[PDB]
>>> print(open('query10.cif').read())   # mmCIF, C-alpha atoms and all ligand atoms
data_data
#
loop_
_atom_site.label_atom_id
_atom_site.label_comp_id
_atom_site.auth_asym_id
_atom_site.auth_seq_id
_atom_site.Cartn_x
_atom_site.Cartn_y
_atom_site.Cartn_z
CA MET A 30 149.83 145.71 -67.51
CA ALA A 31 149.13 142.03 -66.84
CA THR A 32 151.84 142.07 -64.16
CA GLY A 33 149.49 144.00 -61.89
CA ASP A 34 151.67 146.71 -60.41
CA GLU A 35 150.06 149.13 -57.95
CA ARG A 36 152.22 152.13 -58.90
CA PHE A 37 151.82 151.67 -62.64
CA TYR A 38 148.03 151.65 -62.49
CA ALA A 39 147.82 154.40 -59.88
CA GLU A 40 150.44 156.70 -61.40
CA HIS A 41 150.19 155.94 -65.12
CA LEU A 42 147.42 153.76 -66.54
CA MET A 43 144.35 154.94 -64.61
CA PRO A 44 145.29 158.64 -64.92
CA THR A 45 145.83 158.30 -68.68
CA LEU A 46 142.58 156.36 -69.05
CA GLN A 47 140.65 159.08 -67.21
CA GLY A 48 142.38 161.79 -69.22
CA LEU A 49 141.00 160.29 -72.43
CA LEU A 50 137.57 159.05 -71.33
CA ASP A 51 134.75 160.74 -69.43
CA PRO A 52 133.54 159.08 -66.18
CA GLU A 53 130.67 157.09 -67.69
CA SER A 54 132.61 155.93 -70.77
CA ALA A 55 135.48 154.88 -68.51
CA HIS A 56 133.06 152.87 -66.39
CA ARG A 57 131.52 151.12 -69.40
CA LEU A 58 134.96 150.14 -70.71
CA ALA A 59 135.83 148.95 -67.20
CA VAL A 60 132.84 146.61 -67.21
CA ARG A 61 133.76 145.35 -70.70
CA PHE A 62 137.37 144.58 -69.82
CA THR A 63 136.40 142.90 -66.56
CA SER A 64 133.80 140.72 -68.26
CA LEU A 65 136.50 139.65 -70.74
CA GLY A 66 139.11 139.00 -68.06
CA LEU A 67 141.51 141.67 -69.31
CA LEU A 68 142.97 142.07 -65.82
CA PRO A 69 146.50 142.40 -64.35
CA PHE A 73 148.06 137.41 -54.00
CA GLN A 74 146.71 134.22 -52.44
CA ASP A 75 144.07 134.56 -49.73
CA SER A 76 145.18 133.04 -46.43
CA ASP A 77 142.97 131.24 -43.92
CA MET A 78 143.15 134.46 -41.86
CA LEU A 79 140.96 136.34 -44.33
CA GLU A 80 138.27 133.67 -44.35
CA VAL A 81 134.99 134.67 -42.74
CA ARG A 82 131.74 132.81 -42.19
CA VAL A 83 128.46 134.74 -42.12
CA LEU A 84 125.02 134.95 -43.72
CA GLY A 85 125.05 131.15 -44.00
CA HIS A 86 128.12 131.24 -46.22
CA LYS A 87 131.89 131.07 -46.27
CA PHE A 88 133.85 134.00 -47.69
CA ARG A 89 137.50 133.32 -48.58
CA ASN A 90 138.24 137.03 -48.07
CA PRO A 91 136.08 139.89 -46.65
CA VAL A 92 136.65 142.32 -49.53
CA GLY A 93 133.80 142.63 -52.00
CA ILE A 94 132.86 144.95 -54.85
CA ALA A 95 130.03 147.28 -53.80
CA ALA A 96 126.81 147.58 -55.80
CA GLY A 97 126.92 149.94 -58.76
CA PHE A 98 130.02 148.83 -60.65
CA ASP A 99 128.25 145.82 -62.17
CA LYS A 100 124.62 147.01 -62.20
CA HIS A 101 123.41 144.42 -64.72
CA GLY A 102 125.47 141.38 -63.73
CA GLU A 103 127.75 141.44 -66.79
CA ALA A 104 131.14 140.92 -65.15
CA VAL A 105 130.56 138.73 -62.11
CA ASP A 106 133.28 136.25 -63.05
CA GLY A 107 135.83 138.87 -64.02
CA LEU A 108 135.29 140.40 -60.58
CA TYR A 109 136.06 137.20 -58.67
CA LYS A 110 139.15 137.01 -60.87
CA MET A 111 140.07 140.52 -59.73
CA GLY A 112 140.44 139.16 -56.20
CA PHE A 113 137.11 140.01 -54.58
CA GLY A 114 135.91 137.62 -51.89
CA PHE A 115 132.33 138.21 -52.97
CA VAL A 116 130.39 140.08 -55.65
CA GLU A 117 127.23 142.16 -55.49
CA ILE A 118 125.35 143.28 -58.59
CA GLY A 119 122.65 145.90 -58.93
CA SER A 120 120.79 147.87 -58.19
CA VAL A 121 118.28 146.12 -60.44
CA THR A 122 114.79 147.53 -61.04
CA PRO A 123 111.74 145.41 -62.04
CA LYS A 124 111.33 147.00 -65.47
CA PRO A 125 114.20 148.40 -67.53
CA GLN A 126 114.83 152.15 -67.25
CA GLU A 127 117.45 154.56 -68.57
CA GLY A 128 118.08 156.55 -65.40
CA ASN A 129 118.96 160.25 -65.36
CA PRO A 130 120.36 162.09 -68.41
CA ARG A 131 124.13 162.43 -68.93
CA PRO A 132 126.36 163.64 -67.49
CA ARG A 133 125.45 161.87 -64.25
CA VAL A 134 128.82 160.84 -62.80
CA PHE A 135 131.63 163.16 -61.74
CA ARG A 136 135.21 162.79 -60.57
CA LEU A 137 136.67 164.84 -57.69
CA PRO A 138 140.33 163.74 -57.99
CA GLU A 139 141.57 166.27 -55.43
CA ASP A 140 139.28 164.58 -52.89
CA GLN A 141 139.71 161.01 -54.11
CA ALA A 142 135.93 161.11 -54.39
CA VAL A 143 133.12 160.65 -56.90
CA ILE A 144 129.61 162.08 -57.14
CA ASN A 145 126.93 160.25 -59.08
CA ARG A 146 123.24 160.61 -59.88
CA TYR A 147 122.61 157.67 -62.21
CA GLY A 148 119.03 157.25 -61.03
CA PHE A 149 118.92 153.44 -61.14
CA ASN A 150 119.73 152.90 -64.81
CA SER A 151 118.90 149.20 -65.18
CA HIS A 152 118.39 146.41 -67.72
CA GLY A 153 115.58 145.11 -65.53
CA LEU A 154 114.86 141.84 -63.73
CA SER A 155 114.25 139.65 -66.81
CA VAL A 156 117.50 140.47 -68.59
CA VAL A 157 119.56 140.06 -65.42
CA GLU A 158 117.61 136.90 -64.55
CA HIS A 159 118.58 135.17 -67.79
CA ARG A 160 122.11 136.52 -67.55
CA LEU A 161 122.55 134.94 -64.10
CA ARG A 162 120.76 131.73 -65.12
CA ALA A 163 123.32 131.22 -67.89
CA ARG A 164 125.92 130.73 -65.14
CA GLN A 165 123.74 129.60 -62.24
CA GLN A 166 125.61 126.31 -61.81
CA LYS A 167 129.03 127.88 -62.06
CA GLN A 168 128.02 130.32 -59.32
CA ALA A 169 126.80 127.41 -57.19
CA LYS A 170 130.34 126.01 -57.23
CA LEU A 171 131.90 129.43 -56.64
CA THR A 172 129.68 129.96 -53.58
CA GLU A 173 130.54 126.50 -52.23
CA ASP A 174 134.14 127.58 -52.80
CA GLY A 175 133.75 130.64 -50.57
CA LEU A 176 132.84 133.18 -53.27
CA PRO A 177 129.20 134.28 -52.61
CA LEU A 178 126.96 136.39 -54.85
CA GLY A 179 124.67 139.15 -53.64
CA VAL A 180 121.95 140.91 -55.63
CA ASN A 181 120.95 144.50 -54.92
CA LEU A 182 117.29 145.41 -55.53
CA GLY A 183 115.94 148.83 -56.43
CA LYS A 184 112.60 150.15 -57.62
CA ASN A 185 111.33 151.82 -60.78
CA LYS A 186 111.00 155.60 -60.98
CA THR A 187 107.34 155.50 -62.04
CA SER A 188 106.46 152.64 -59.70
CA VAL A 189 103.36 153.17 -57.55
CA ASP A 190 103.85 150.34 -55.04
CA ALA A 191 107.44 150.44 -53.76
CA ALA A 192 106.89 147.27 -51.75
CA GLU A 193 105.67 145.31 -54.78
CA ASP A 194 108.77 146.36 -56.75
CA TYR A 195 111.07 144.79 -54.14
CA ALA A 196 108.71 141.83 -53.77
CA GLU A 197 109.09 141.16 -57.51
CA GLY A 198 112.87 141.40 -57.27
CA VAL A 199 112.86 138.88 -54.44
CA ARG A 200 110.82 136.45 -56.53
CA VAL A 201 112.82 136.79 -59.74
CA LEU A 202 116.40 137.15 -58.51
CA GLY A 203 116.23 135.82 -54.97
CA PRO A 204 116.51 132.22 -56.27
CA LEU A 205 119.83 133.12 -57.94
CA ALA A 206 121.51 134.93 -55.05
CA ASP A 207 123.27 134.04 -51.83
CA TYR A 208 121.96 137.28 -50.36
CA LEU A 209 119.54 139.99 -51.48
CA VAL A 210 119.87 143.68 -50.71
CA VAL A 211 116.85 145.91 -50.19
CA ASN A 212 118.36 149.19 -51.36
CA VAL A 213 116.39 151.94 -49.69
CA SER A 214 119.24 154.43 -49.32
CA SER A 215 119.76 155.66 -52.87
CA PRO A 216 119.83 159.48 -52.87
CA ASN A 217 119.03 159.61 -56.59
CA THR A 218 115.43 158.37 -56.54
CA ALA A 219 112.68 160.66 -55.23
CA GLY A 220 111.21 159.51 -51.93
CA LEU A 221 113.20 156.26 -51.76
CA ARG A 222 115.06 157.11 -48.55
CA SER A 223 111.77 157.87 -46.79
CA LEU A 224 111.26 154.10 -46.91
CA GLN A 225 113.94 153.96 -44.20
CA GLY A 226 111.29 155.32 -41.84
CA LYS A 227 110.11 152.95 -39.08
CA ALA A 228 106.50 152.37 -40.21
CA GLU A 229 107.32 152.33 -43.93
CA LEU A 230 110.36 150.11 -43.38
CA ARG A 231 108.46 147.58 -41.27
CA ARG A 232 105.68 147.11 -43.84
CA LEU A 233 108.23 146.90 -46.64
CA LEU A 234 110.50 144.35 -44.94
CA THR A 235 107.62 142.22 -43.68
CA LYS A 236 106.46 141.70 -47.27
CA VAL A 237 110.01 141.20 -48.58
CA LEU A 238 110.79 138.56 -45.94
CA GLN A 239 107.51 136.77 -46.60
CA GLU A 240 108.26 136.48 -50.32
CA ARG A 241 111.75 135.28 -49.37
CA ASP A 242 110.48 132.58 -46.99
CA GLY A 243 108.20 131.31 -49.75
CA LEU A 244 111.18 130.26 -51.86
CA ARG A 245 112.52 126.71 -51.88
CA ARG A 246 115.31 126.01 -49.34
CA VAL A 247 118.32 125.90 -51.68
CA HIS A 248 117.06 129.06 -53.40
CA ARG A 249 116.36 131.02 -50.21
CA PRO A 250 118.70 134.05 -49.82
CA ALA A 251 119.64 136.07 -46.75
CA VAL A 252 118.01 139.50 -46.72
CA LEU A 253 120.01 142.62 -45.88
CA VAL A 254 119.00 146.29 -45.90
CA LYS A 255 121.30 148.99 -47.28
CA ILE A 256 121.08 152.26 -45.40
CA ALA A 257 122.32 155.81 -45.89
CA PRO A 258 125.06 157.65 -43.94
CA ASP A 259 122.79 160.67 -43.46
CA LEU A 260 120.37 159.13 -40.97
CA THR A 261 119.41 160.93 -37.77
CA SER A 262 119.99 159.16 -34.46
CA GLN A 263 116.24 158.49 -34.45
CA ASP A 264 116.23 156.74 -37.84
CA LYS A 265 119.07 154.48 -36.76
CA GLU A 266 117.30 153.51 -33.54
CA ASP A 267 114.15 152.69 -35.53
CA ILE A 268 116.02 150.71 -38.17
CA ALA A 269 117.80 148.73 -35.46
CA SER A 270 114.46 148.06 -33.79
CA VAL A 271 112.69 146.91 -36.97
CA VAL A 272 115.69 144.78 -37.98
CA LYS A 273 115.59 142.84 -34.71
CA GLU A 274 111.80 142.66 -34.65
CA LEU A 275 111.57 141.08 -38.13
CA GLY A 276 114.76 139.02 -38.08
CA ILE A 277 116.53 140.90 -40.89
CA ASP A 278 119.67 138.92 -41.74
CA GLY A 279 122.04 141.86 -41.98
CA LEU A 280 122.86 145.45 -42.85
CA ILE A 281 124.95 147.12 -45.52
CA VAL A 282 126.39 150.37 -44.15
CA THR A 283 126.50 152.70 -45.96
CA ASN A 284 125.37 154.11 -49.32
CA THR A 285 126.60 157.45 -50.72
CA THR A 286 126.07 160.71 -48.81
CA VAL A 287 124.05 163.73 -49.95
CA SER A 288 126.09 165.78 -47.49
CA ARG A 289 129.10 167.78 -48.66
CA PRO A 290 131.74 167.73 -45.88
CA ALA A 291 133.60 171.02 -45.48
CA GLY A 292 136.97 170.76 -47.20
CA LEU A 293 136.00 169.28 -50.57
CA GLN A 294 138.28 170.75 -53.24
CA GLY A 295 136.87 169.21 -56.41
CA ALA A 296 135.54 171.73 -58.91
CA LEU A 297 132.40 169.57 -59.25
CA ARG A 298 131.73 169.35 -55.50
CA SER A 299 128.36 171.09 -55.85
CA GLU A 300 126.90 168.69 -58.40
CA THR A 301 123.70 166.97 -57.30
CA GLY A 302 124.10 163.32 -56.31
CA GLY A 303 125.61 160.90 -53.85
CA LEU A 304 129.19 161.43 -52.72
CA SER A 305 131.57 158.49 -52.35
CA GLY A 306 135.26 157.92 -51.66
CA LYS A 307 137.56 159.22 -48.93
CA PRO A 308 135.25 162.08 -47.81
CA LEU A 309 132.66 159.42 -46.96
CA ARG A 310 134.95 156.92 -45.19
CA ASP A 311 134.72 157.93 -41.52
CA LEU A 312 131.10 159.08 -41.67
CA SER A 313 130.52 155.53 -42.89
CA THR A 314 132.67 153.87 -40.22
CA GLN A 315 130.82 155.77 -37.49
CA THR A 316 127.45 154.60 -38.86
CA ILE A 317 128.75 151.03 -38.70
CA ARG A 318 129.96 151.58 -35.14
CA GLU A 319 126.54 152.89 -34.12
CA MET A 320 124.42 150.23 -35.87
CA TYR A 321 126.64 147.48 -34.43
CA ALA A 322 125.96 148.70 -30.88
CA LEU A 323 122.23 149.23 -31.51
CA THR A 324 121.96 145.61 -32.67
CA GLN A 325 124.12 144.22 -29.84
CA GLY A 326 126.55 142.91 -32.43
CA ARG A 327 124.05 140.18 -33.35
CA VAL A 328 123.27 141.48 -36.84
CA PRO A 329 125.93 140.91 -39.54
CA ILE A 330 127.14 144.14 -41.11
CA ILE A 331 128.85 144.75 -44.45
CA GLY A 332 130.89 147.94 -44.20
CA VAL A 333 131.11 150.17 -47.28
CA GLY A 334 132.35 153.73 -47.77
CA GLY A 335 135.77 155.06 -48.69
CA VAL A 336 137.69 151.82 -48.22
CA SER A 337 140.99 152.12 -50.07
CA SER A 338 143.50 150.35 -47.82
CA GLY A 339 143.96 147.60 -45.27
CA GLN A 340 143.66 150.17 -42.49
CA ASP A 341 140.39 151.50 -43.91
CA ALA A 342 139.10 147.93 -44.07
CA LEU A 343 140.23 147.05 -40.54
CA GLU A 344 138.81 150.20 -38.94
CA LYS A 345 135.40 149.19 -40.31
CA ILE A 346 135.86 145.59 -39.17
CA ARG A 347 136.89 146.73 -35.68
CA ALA A 348 133.88 149.07 -35.70
CA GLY A 349 131.64 146.06 -36.31
CA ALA A 350 131.69 145.03 -39.97
CA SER A 351 131.97 141.33 -40.77
CA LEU A 352 132.73 142.17 -44.40
CA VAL A 353 133.65 145.27 -46.38
CA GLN A 354 133.14 146.50 -49.93
CA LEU A 355 134.73 149.15 -52.10
CA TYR A 356 134.00 150.86 -55.39
CA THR A 357 135.32 154.41 -55.70
CA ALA A 358 138.82 153.26 -54.73
CA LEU A 359 138.78 150.97 -57.77
CA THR A 360 138.04 153.91 -60.08
CA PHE A 361 141.21 155.70 -58.93
CA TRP A 362 143.78 152.94 -58.39
CA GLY A 363 142.37 150.19 -60.60
CA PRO A 364 142.33 146.37 -60.10
CA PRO A 365 145.61 146.27 -58.09
CA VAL A 366 143.86 148.00 -55.20
CA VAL A 367 142.10 144.75 -54.33
CA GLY A 368 145.30 142.82 -53.63
CA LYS A 369 146.70 145.87 -51.86
CA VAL A 370 143.79 146.05 -49.43
CA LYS A 371 143.91 142.32 -48.74
CA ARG A 372 147.68 142.33 -48.19
CA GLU A 373 147.61 145.31 -45.81
CA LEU A 374 144.61 143.90 -43.97
CA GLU A 375 146.43 140.62 -43.34
CA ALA A 376 149.57 142.40 -42.11
CA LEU A 377 147.51 144.68 -39.85
CA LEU A 378 145.64 141.74 -38.32
CA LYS A 379 148.91 139.98 -37.44
CA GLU A 380 150.51 143.22 -36.30
CA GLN A 381 147.56 143.80 -33.96
CA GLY A 382 147.39 140.29 -32.52
CA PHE A 383 144.24 139.08 -34.25
CA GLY A 384 144.22 135.42 -35.22
CA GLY A 385 141.97 136.31 -38.13
CA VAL A 386 139.28 138.65 -39.45
CA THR A 387 136.63 136.95 -37.31
CA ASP A 388 138.58 137.90 -34.19
CA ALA A 389 138.69 141.58 -35.14
CA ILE A 390 134.97 142.01 -35.89
CA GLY A 391 133.68 144.53 -33.34
CA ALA A 392 136.95 144.55 -31.36
CA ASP A 393 136.65 148.30 -30.69
CA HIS A 394 133.44 147.69 -28.74
CA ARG A 395 135.15 145.22 -26.40
CA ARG A 396 138.10 147.46 -25.52
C1 LIG B 401 128.94 155.34 -59.90
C2 LIG B 401 128.30 154.69 -58.66
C3 LIG B 401 127.15 153.92 -58.79
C4 LIG B 401 126.51 153.27 -57.65
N1 LIG B 401 125.38 152.50 -57.82
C5 LIG B 401 124.82 151.91 -56.75
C6 LIG B 401 123.61 151.07 -56.90
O1 LIG B 401 123.06 150.87 -57.99
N2 LIG B 401 123.12 150.51 -55.78
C7 LIG B 401 123.69 150.68 -54.46
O2 LIG B 401 123.16 150.12 -53.52
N3 LIG B 401 124.80 151.45 -54.33
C8 LIG B 401 125.36 152.04 -55.38
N4 LIG B 401 126.49 152.82 -55.23
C9 LIG B 401 127.05 152.97 -53.88
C10 LIG B 401 128.24 152.07 -53.55
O3 LIG B 401 127.77 150.69 -53.58
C11 LIG B 401 128.77 152.34 -52.12
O4 LIG B 401 127.69 152.16 -51.13
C12 LIG B 401 129.30 153.78 -51.93
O5 LIG B 401 129.79 154.33 -53.18
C13 LIG B 401 130.42 153.85 -50.89
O6 LIG B 401 131.56 153.07 -51.26
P1 LIG B 401 132.87 153.68 -51.98
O7 LIG B 401 133.29 154.93 -51.20
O8 LIG B 401 133.91 152.58 -51.85
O9 LIG B 401 132.50 154.00 -53.41
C14 LIG B 401 127.13 153.47 -56.35
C15 LIG B 401 128.31 154.26 -56.25
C16 LIG B 401 128.91 154.87 -57.36
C17 LIG B 401 130.18 155.68 -57.15
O1 LIG B 402 136.73 155.97 -63.84
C1 LIG B 402 135.75 156.59 -63.37
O2 LIG B 402 135.87 157.93 -63.30
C2 LIG B 402 134.50 155.93 -62.88
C3 LIG B 402 134.12 154.61 -62.83
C4 LIG B 402 134.86 153.41 -63.26
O3 LIG B 402 134.20 152.36 -63.49
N1 LIG B 402 136.26 153.35 -63.43
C5 LIG B 402 137.14 152.34 -63.83
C6 LIG B 402 137.90 152.43 -65.09
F1 LIG B 402 137.79 153.47 -65.87
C7 LIG B 402 138.77 151.34 -65.50
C8 LIG B 402 138.92 150.13 -64.66
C9 LIG B 402 139.75 149.03 -65.08
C10 LIG B 402 139.09 147.69 -65.02
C11 LIG B 402 139.76 146.49 -65.41
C12 LIG B 402 141.12 146.55 -65.90
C13 LIG B 402 141.83 147.85 -65.99
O4 LIG B 402 143.14 147.85 -66.46
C14 LIG B 402 143.28 147.91 -67.95
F2 LIG B 402 142.71 148.96 -68.51
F3 LIG B 402 144.58 147.92 -68.21
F4 LIG B 402 142.75 146.82 -68.48
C15 LIG B 402 141.15 149.11 -65.57
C16 LIG B 402 138.17 150.05 -63.38
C17 LIG B 402 137.30 151.14 -62.98
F5 LIG B 402 136.63 151.05 -61.85
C18 LIG B 402 132.75 154.47 -62.25
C19 LIG B 402 132.16 155.88 -62.41
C20 LIG B 402 133.40 156.77 -62.33
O1 LIG B 403 121.94 154.50 -59.48
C1 LIG B 403 122.07 155.40 -58.67
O2 LIG B 403 121.86 156.63 -58.80
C2 LIG B 403 122.55 155.15 -57.24
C3 LIG B 403 121.94 154.23 -56.46
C4 LIG B 403 122.43 154.03 -55.09
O3 LIG B 403 121.95 153.22 -54.33
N1 LIG B 403 123.51 154.85 -54.72
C5 LIG B 403 124.13 155.81 -55.52
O4 LIG B 403 125.07 156.47 -55.09
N2 LIG B 403 123.62 155.95 -56.82
#
>>> encode(input="query10.cif", output="structure tokens", more="lines below")
Ligand SMILES: Cc1cc2nc3c(=O)[nH]c(=O)nc-3n(C[C@H](O)[C@H](O)[C@H](O)COP(=O)(O)O)c2cc1C
Ligand SMILES: O=C(O)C1=C(C(=O)Nc2c(F)cc(-c3cccc(OC(F)(F)F)c3)cc2F)CCC1
Ligand SMILES: O=C(O)c1cc(=O)[nH]c(=O)[nH]1
Amino acid sequence: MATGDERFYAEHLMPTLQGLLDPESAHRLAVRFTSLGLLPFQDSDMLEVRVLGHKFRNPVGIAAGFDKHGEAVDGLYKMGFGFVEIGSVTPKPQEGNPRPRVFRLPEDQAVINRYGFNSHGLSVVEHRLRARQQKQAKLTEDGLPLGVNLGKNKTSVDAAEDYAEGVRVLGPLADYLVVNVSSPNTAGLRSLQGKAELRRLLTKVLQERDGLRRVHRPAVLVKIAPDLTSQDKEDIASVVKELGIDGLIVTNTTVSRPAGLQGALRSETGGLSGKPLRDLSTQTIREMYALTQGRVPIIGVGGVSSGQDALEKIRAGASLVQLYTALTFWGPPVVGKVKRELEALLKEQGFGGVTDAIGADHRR
């Protein structure tokens, strides 16, 4: 329980929990427990990384989606994450798609979800983050940054304005903002990844960002999908360097269904995450890193469940990594596991630290 044993959670607790609660109910309880600190390894200098104008004591963060409304930020740092990202958050509140909208594929160590941006909205999250704004300031100074993921409302008419509003309301409370334009569960959202659309969108976002006071000015990253054509990637890389985008989050869930999936629910509509997404995600990181000449910070996400998974993404070009689906299968202990294996792998491979491994595959 509080001891935090990897086998117990993986073999007994998590399985029992999922055998009694449906996916969504399990998630809601997860958020509750985390917010209350009902949770079960010391970071070494080796895991420290410096990017996006911040210090990160460890490169392992919790991907967007687990804490959509910023209700468990502190319980997440306590879980061992080097940084937390909340969202996606939409300007106005919205319920998202009807239940069921999340599905487990245990035989594939994967999950499929079609939430549709269920969100409390900017205001609610704004006040929720303001209530701990000073505490976060100290956490960030301590190497524990906060990122905020921005989405857009379903009935919105001006996609750009939606993100612009998010930048104005939550940008002052975040170390970095994420323009999420890769969600597969919102009609026409991914089309915003197009060159022309993306350029107009990011130009406005960055302008709103630059208009904020210095200490409240966040880095701006763009979260992309793993289903982009070689053309989309070239365009995104071009726009990113043209506008000075601070970084990229690679990748979101995939609408593809790799041959081999065994889960009974493999044909449910939605974005696929977990092991089946891992390598497709690592390859997207490898490609974007090269297209940006390794000058644009990348946060690798997609099927990370071990130190090896984390290091392959770092060697492919990621400065930081995130995980989510792995947490839903192995529980809280997975965080320490990934960090411990990552450290051992770095030493075992001759790297003085994480910073030394970033992009290493491209130099060999
Ligand atoms: C239930 C669920 C909800 C998610 N919600 C969001 C979201 O609101 N915004 C976002 O940018 N990504 C969201 N994601 C995507 C994750 O942040 C991540 O990009 C993806 O799942 C790959 O990581 P993983 O294999 O470790 O889960 C969600 C994923 C899941 C499984
Ligand atoms: O589970 C799923 O299918 C899905 C999601 C999910 O949110 N899972 C999930 C869960 F159920 C439980 C904990 C958890 C959190 C803290 C302590 C803990 O330990 C003890 F309970 F002991 F406190 C256990 C973490 C999780 F990540 C997202 C959609 C699919
Ligand atoms: O809320 C969602 O449907 C959602 C958003 C996103 O960016 N990715 C995902 O897999 N689901």
>>> closest_residue(input="query10.cif", among="A:312, A:374, A:281, A:359", to="ligand LIG 402 (chain B)", atoms="all atoms listed in the file")
A:359
>>> residues_around(input="query10.cif", residues="residue 304 of chain A", least_positions_apart="2", cutoff="8 Å", atoms="all atoms listed in the file", output="ChimeraX atom specification")
/A:142-145,285-289,302,306,308-309
>>> residues_near_ligand(input="query10.cif", ligand="ligand LIG 401 (chain B)", cutoff="6 Å", atoms="all atoms listed in the file", output="PyMOL selection string")
chain A and resi 95-97+100+119-120+143+145+149+212+283-285+305-306+333-336+355-358
>>> closest_residue(input="query10.cif", among="A:279, A:66, A:114, A:258", to="residue 209 of chain A", atoms="all atoms listed in the file")
A:279
>>> residues_around(input="query10.cif", residues="residue 344 of chain A", least_positions_apart="3", cutoff="10 Å", atoms="all atoms listed in the file", output="PyMOL selection string")
chain A and resi 310-311+314-315+318+332+336+339-341+347-350+374+389-393
>>> atom_distance(input="query10.cif", atom1="atom CA of residue 270 of chain A", atom2="atom CA of residue 321 of chain A")
12.2 Å
>>> residues_near_point(input="query10.cif", point="(136.1, 155.2, -69.5)", cutoff="10 Å", atoms="all atoms listed in the file", output="ChimeraX atom specification")
/A:43,46-60,360
>>> closest_residue(input="query10.cif", among="A:154, A:282, A:346, A:199", to="ligand LIG 403 (chain B)", atoms="all atoms listed in the file")
A:282
>>> atom_distance(input="query10.cif", atom1="atom CA of residue 280 of chain A", atom2="atom CA of residue 99 of chain A")
20.1 Å
>>> atom_distance(input="query10.cif", atom1="atom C2 of ligand LIG 402 (chain B)", atom2="atom CA of residue 61 of chain A")
13.2 Å
>>> residues_near_point(input="query10.cif", point="(125.9, 140.3, -37.2)", cutoff="12 Å", atoms="only C-alpha atoms", output="ChimeraX atom specification")
/A:82-85,253,269,272-273,276-281,317,320-332,346,348-352,387,390-391
>>> residues_around(input="query10.cif", residues="residue 247 of chain A", least_positions_apart="6", cutoff="12 Å", atoms="only C-alpha atoms", output="PDB file with C-alpha atoms, in the coordinates of the input")
ATOM      1  CA  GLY A  85     125.050 131.150 -44.000  1.00  0.00           C
ATOM      2  CA  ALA A 169     126.800 127.410 -57.190  1.00  0.00           C
ATOM      3  CA  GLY A 203     116.230 135.820 -54.970  1.00  0.00           C
ATOM      4  CA  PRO A 204     116.510 132.220 -56.270  1.00  0.00           C
ATOM      5  CA  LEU A 205     119.830 133.120 -57.940  1.00  0.00           C
ATOM      6  CA  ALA A 206     121.510 134.930 -55.050  1.00  0.00           C
ATOM      7  CA  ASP A 207     123.270 134.040 -51.830  1.00  0.00           C
ATOM      8  CA  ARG A 241     111.750 135.280 -49.370  1.00  0.00           C
TER       9      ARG A 241
END
>>> residues_around(input="query10.cif", residues="residue 192 of chain A", least_positions_apart="4", cutoff="12 Å", atoms="only C-alpha atoms", output="MDAnalysis selection string")
chainID A and resid 123 182:185 188 196:199 211:213 221 224 229:240
>>> closest_residue(input="query10.cif", among="A:38, A:383, A:98, A:88", to="residue 63 of chain A", atoms="only C-alpha atoms")
A:98
>>> closest_residue(input="query10.cif", among="A:222, A:200, A:255, A:86", to="residue 174 of chain A", atoms="all atoms listed in the file")
A:86
>>> closest_residue(input="query10.cif", among="A:377, A:105, A:137, A:178", to="residue 87 of chain A", atoms="all atoms listed in the file")
A:178
>>> axis_aligned_box(input="query10.cif", around="ligand LIG 402 (chain B)", padding_each_side="3 Å", output="JSON")
{"center_x": 138.4, "center_y": 152.2, "center_z": -65.2, "size_x": 18.4, "size_y": 17.4, "size_z": 12.7}
>>> build_atoms(input="query10.cif", residues="segment 193-199 of chain A", atoms="N, CA, C and O atoms", output="PDB file, keeping the file's coordinate frame")
ATOM      1  N   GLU A 193     105.852 146.313 -53.737  1.00  0.00           N
ATOM      2  CA  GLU A 193     105.670 145.310 -54.780  1.00  0.00           C
ATOM      3  C   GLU A 193     106.913 145.200 -55.671  1.00  0.00           C
ATOM      4  O   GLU A 193     107.275 144.105 -56.104  1.00  0.00           O
ATOM      5  N   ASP A 194     107.557 146.334 -55.938  1.00  0.00           N
ATOM      6  CA  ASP A 194     108.770 146.360 -56.750  1.00  0.00           C
ATOM      7  C   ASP A 194     109.842 145.458 -56.123  1.00  0.00           C
ATOM      8  O   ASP A 194     110.454 144.640 -56.816  1.00  0.00           O
ATOM      9  N   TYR A 195     110.070 145.608 -54.820  1.00  0.00           N
ATOM     10  CA  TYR A 195     111.070 144.790 -54.140  1.00  0.00           C
ATOM     11  C   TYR A 195     110.586 143.346 -54.066  1.00  0.00           C
ATOM     12  O   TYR A 195     111.380 142.417 -54.193  1.00  0.00           O
ATOM     13  N   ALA A 196     109.287 143.166 -53.856  1.00  0.00           N
ATOM     14  CA  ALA A 196     108.710 141.830 -53.770  1.00  0.00           C
ATOM     15  C   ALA A 196     108.989 141.071 -55.075  1.00  0.00           C
ATOM     16  O   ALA A 196     109.334 139.888 -55.049  1.00  0.00           O
ATOM     17  N   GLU A 197     108.845 141.763 -56.205  1.00  0.00           N
ATOM     18  CA  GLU A 197     109.090 141.160 -57.510  1.00  0.00           C
ATOM     19  C   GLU A 197     110.562 140.782 -57.654  1.00  0.00           C
ATOM     20  O   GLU A 197     110.886 139.711 -58.176  1.00  0.00           O
ATOM     21  N   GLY A 198     111.444 141.667 -57.196  1.00  0.00           N
ATOM     22  CA  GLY A 198     112.870 141.400 -57.270  1.00  0.00           C
ATOM     23  C   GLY A 198     113.233 140.167 -56.464  1.00  0.00           C
ATOM     24  O   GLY A 198     114.060 139.358 -56.884  1.00  0.00           O
ATOM     25  N   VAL A 199     112.614 140.024 -55.298  1.00  0.00           N
ATOM     26  CA  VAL A 199     112.860 138.880 -54.440  1.00  0.00           C
ATOM     27  C   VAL A 199     112.460 137.588 -55.144  1.00  0.00           C
ATOM     28  O   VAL A 199     113.172 136.588 -55.079  1.00  0.00           O
TER      29      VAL A 199
END
